[PDB]
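Quick notes on the structure that follows.
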Amino acid sequence: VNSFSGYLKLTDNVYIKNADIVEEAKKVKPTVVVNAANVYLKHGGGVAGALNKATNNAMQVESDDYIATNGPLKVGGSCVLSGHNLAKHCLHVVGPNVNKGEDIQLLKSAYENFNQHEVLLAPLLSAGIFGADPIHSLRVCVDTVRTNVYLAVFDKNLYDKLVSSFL
Ligand SMILES: O=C1[C@H](Nc2ncnc3[nH]c4cc(F)ccc4c23)CCN1CCF
């Protein structure tokens with residue numbers, strides 16, 4: 001039993017809700033919140049900009065030190081950093097950004113990072129400003145993640161479409 005509330009159950013391990021991931025993280029304080037990161041951990045907009053803003057820019061400060069030490073992530077890769085006031089940990093995961101021409105096949109590799117964590121609160125990878133089809137992202141999530149994932153979808157219209165079209 002966990003503290004996630006109001007989710008629709010899609011499969012044995014995947015759950016979905018129309019929610020602001022920032023507000024959901026602040027309420028649940030999950031062990032792991034997933035960020036929709038880029039390879040430079042520049043949290044300017046989308047989910048990343050919102051999460052970082054909620055940390056009062058502490059996420060960005062920590063991320064800049066991470067990059068200065070380690071260099072950029074790979075597309076499809078991830079790193080574990082602090083969750084600040086939102087979660088114990090933040091798993092920064094880089095899905096391909098279609099608006100940069102990145103290979104959508106890397107979306108499966110991106111979701112594989114979730115399997116290193118027993119339970120996660122997450123957005124749909126490569127959705128929103130990353131330019132991928134969210135219906136496809138949900139399909140890849142369900143077919144790749146085996147651990148327990150609680151998906152927050154900000155847009156109510158998109159949420160209803162994701163549920164109604166789910167196979
Ligand atoms: O709403 C969503 C889903 N992403 C989110 N899910 C949960 N919380 C979120 N907070 C955000 C804050 C932002 F500035 C930008 C995006 C999100 C977001 C996936 C695609 N989509 C439609 C429009 F992008």
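The first residue of the sequence shown is numbered 1, and numbering continues consecutively from there.
- Not a single donor-acceptor pair under 3.5 Å links the side chain of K108 to the backbone N or O of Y111.
- For the pair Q60 (side chain) and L41 (backbone), a donor-acceptor distance under 3.5 Å is present.
- Scored by the ring pair (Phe, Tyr, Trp, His ring centres under 6.0 Å) test, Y15 finds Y150 as partners (sequence neighbours excluded).
- Two residues are said to be in side-chain contact when any heavy atoms from C-beta on lie closer than 4.5 Å; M59 and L81 fail this criterion.
- Summarising the geometry of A25 relative to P30, their closest heavy-atom pair is O-CD, 3.6 Å, with the distance given to 0.1 Å.
- In this structure, the side chain to side chain contact (heavy atoms under 4.5 Å, CB included) partners of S109, at least two apart in sequence or on a different chain, are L106, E112.
- Listed here is the closest heavy atom pair of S82 and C90: O-CB, 3.4 Å.
- The salt bridge (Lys or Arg N to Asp or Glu O under 4.0 Å) check on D64 picks up nothing, with sequence neighbours excluded.
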One pair to check against side-chain contact (heavy atoms from CB on, under 4.5 Å): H43 and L51. What are the steps and the verdict?
CA-CA 8 Å; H43 309 302; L51 290 170; over 6 Å; no
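- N52 places no side-chain N or O within donor-acceptor distance of the main-chain N or O of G44, the cut-off being under 3.5 Å.
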Donor-acceptor pairs under 3.5 angstrom involving side-chain atoms of residues 157-167: please list them, not counting sequence neighbours.
unit_1 : atom_1 : unit_2 : atom_2 : d
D160   : OD1    : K156   : NZ     : 2.8
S164   : OG     : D160   : O      : 3.1
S165   : OG     : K161   : O      : 2.6

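- Checked against salt bridge (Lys or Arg N to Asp or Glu O under 4.0 Å), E62 has no partners two or more places apart in sequence or in another chain.
- Taken to the nearest 0.5 Å, the CG atom of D12 stands 7.5 Å off from the CG atom of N148.
- Summarising the geometry of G45 relative to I129, their closest heavy-atom pair is C-CD1, 3.9 Å, with the distance given to 0.1 Å.
- The same ILVMFWY cluster, assembled from side-chain heavy atoms under 4.5 Å apart, contains both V34 and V142.
- No chain of hydrophobic side-chain contacts below 4.5 Å, direct or via other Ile, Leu, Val, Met, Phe, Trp or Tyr residues, connects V39 to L107.
- Checking side-chain atoms of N56 against main-chain N and O of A58 turns up no donor-acceptor pair under 3.5 Å.
- Between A19 and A152, the shortest heavy-atom distance links the atoms O-CB, 3.8 Å.
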Please evaluate residues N38 and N97 with respect to the criterion side-chain hydrogen bond (donor to acceptor under 3.5 Å, both in side chains), reporting the C-alpha separation (whole Å), side-chain torsions for both, the decisive distance (0.1 Å), and the verdict.
CA-CA 8 Å; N38 60 53; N97 189 326; over 6 Å; no
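- Screening residues 96-105 for salt bridge (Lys or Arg N to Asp or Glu O under 4.0 Å), with sequence neighbours left out, gives no hits.
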Using a 3.5 Å cut-off and no angle test, enumerate the donor-acceptor pairs between side-chain atoms of residues 65-80 and protein atoms at least two apart in sequence or in another chain.
unit_1 : atom_1 : unit_2 : atom_2 : d
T69    : OG1    : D65    : O      : 3.2
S78    : OG     : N113   : OD1    : 2.8

Which atom pairs, donor and acceptor, lie under 3.5 Å between side-chain atoms of residues 114-125 and protein residues at least two apart or in another chain?
unit_1 : atom_1 : unit_2 : atom_2 : d
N115   : OD1    : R146   : N      : 2.7
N115   : ND2    : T144   : O      : 3.1

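- Residues meeting the side-chain hydrogen bond (donor to acceptor under 3.5 Å, both in side chains) test with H92, sequence neighbours left out: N35.
- The hydrophobic clustering, which links ILVMFWY residues whose side-chain heavy atoms are closer than 4.5 Å, places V149 and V33 apart.
- The closest side-chain donor-acceptor pair between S63 and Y40, if any, does not fall under 3.5 angstrom.
- Every side chain to side chain contact (heavy atoms under 4.5 Å, CB included) that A50 has, sequence neighbours left out, goes to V22.
- In the hydrophobic clustering of this structure, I21 groups with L86; members are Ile, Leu, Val, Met, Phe, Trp, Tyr whose side-chain heavy atoms approach within less than 4.5 Å, directly or through other members.
- Taking hydrophobic clusters as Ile, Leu, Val, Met, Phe, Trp and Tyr residues chained together by side-chain heavy-atom distances below 4.5 Å, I135 shares a cluster with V140.
- Under the salt bridge (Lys or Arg N to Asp or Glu O under 4.0 Å) criterion, the residue pairs touching residues 22-40 are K17-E24, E23-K26, with sequence neighbours excluded.
- Side-chain N or O atoms of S126 include none that pairs as donor or acceptor with a backbone N or O of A132 at under 3.5 Å.
- Using a 4.5 Å heavy-atom cutoff, the side chains of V145 and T147 are in contact.
- Residue pairs that meet the ring pair (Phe, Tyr, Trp, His ring centres under 6.0 Å) test with at least one member in residues 118-139, sequence neighbours left out, do not exist here.
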